[PDB]
Structures are given as structure tokens and as C-alpha cells.
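# Fold and contact review
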Amino acid sequence: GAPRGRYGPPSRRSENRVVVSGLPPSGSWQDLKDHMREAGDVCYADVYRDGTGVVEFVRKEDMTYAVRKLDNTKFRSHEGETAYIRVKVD
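Residues numbered from 1 in each chain as written, not as in the entry; some residues may be left out. Heavy atoms only, no water.

For this deposition, the record names solution NMR as the technique by which the model was determined.

The PDB entry annotates the protein chain as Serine/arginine-rich splicing factor 1 originating from Homo sapiens. According to its PDB record, this entry is titled "NMR structure of RNA recognition motif 2 (RRM2) of Homo sapiens splicing factor, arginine/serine-rich 1".

Let us now look at the sheet that holds strand β6 (residues 86-89). Strand pairing within a sheet occurs via backbone hydrogen bonds; the two strands may be parallel or antiparallel. Spatially, the four strands line up as an open sheet ordered β2-β3-β1-β6, and their pairing is antiparallel. Taken across any chain shown, the strands that pair with only one partner, and hence form the sheet edges, are β2 (44-47) and β6. Strand-to-strand twist across the sheet, computed as the mean angle between neighbouring axes with direction ignored, equals 25 degrees. Of the strand pairs in this sheet, strand β1 (residues 17-23) and β6 are connected by four bridges, and their pairing is antiparallel. When the bridges of β6 are listed, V18 appears paired with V89. Packed onto the sheet, helix α1 (residues 29-36) meets β1, β2, β3 (51-56) and β6 and runs at close to 140 degrees relative to β2. Sitting on the sheet, helix α2 (residues 60-69) is in contact with β1 and β6, with an inclination near 145 degrees to β6. (Pairing = 2+ DSSP bridges. Helix = DSSP H or I, 4+ residues; strand = E, 2+ residues; numbered from the N terminus. Axes fitted to C-alpha atoms, helices over the stretch in contact; angles between N-to-C directions. Contact = heavy atoms within 4.5 Å.)

Set out below in C-alpha cells:
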């Protein structure tokens, strides 16, 4: 009903969930969501400061395909730099 705030509590993981690893020193979930959209649909994106990011997709088919056709890519930042990242299932 009423709106909420944004947090990463320890919840379940359906068969539609992934993690992203090797993030640059200065990325965000915004560039994550806008990037990771090459593997189906990415209705959730979150990150930390850096090193990793944590993500949820729509379905297992897309999630599985992410590990096949959306890993070893480069990731863009707000900082003029771009790291490589390696996806995995959660």
C-alpha cells in the first residue's frame, strides 16, 4: 500500500537471482540495471560502494542465460572508467 525505503535484508533467493563480481571503485546499481539488461529482464539492481553488486531477474531462463551471454563483459561507471565483471548465480 503506502511507499517504503530501500534496504538489502537477508531474504530468500528464488531460482531467478544472481551476483556480479569485480565491480569498479565507483559504480552504482543505476549503471548496473542499464548494463545488465542484455540477458532478459532485470527488475531489481542493488550494489555496495564497490567490488560486487547484487541483482534479481524475472525468471530462471533469463538468469541462466545471463551466466552464458552476459558474463566477462565490461561495466561503465560515473567515473570515466570501466571494469570487467563476472556474473554468477546467488
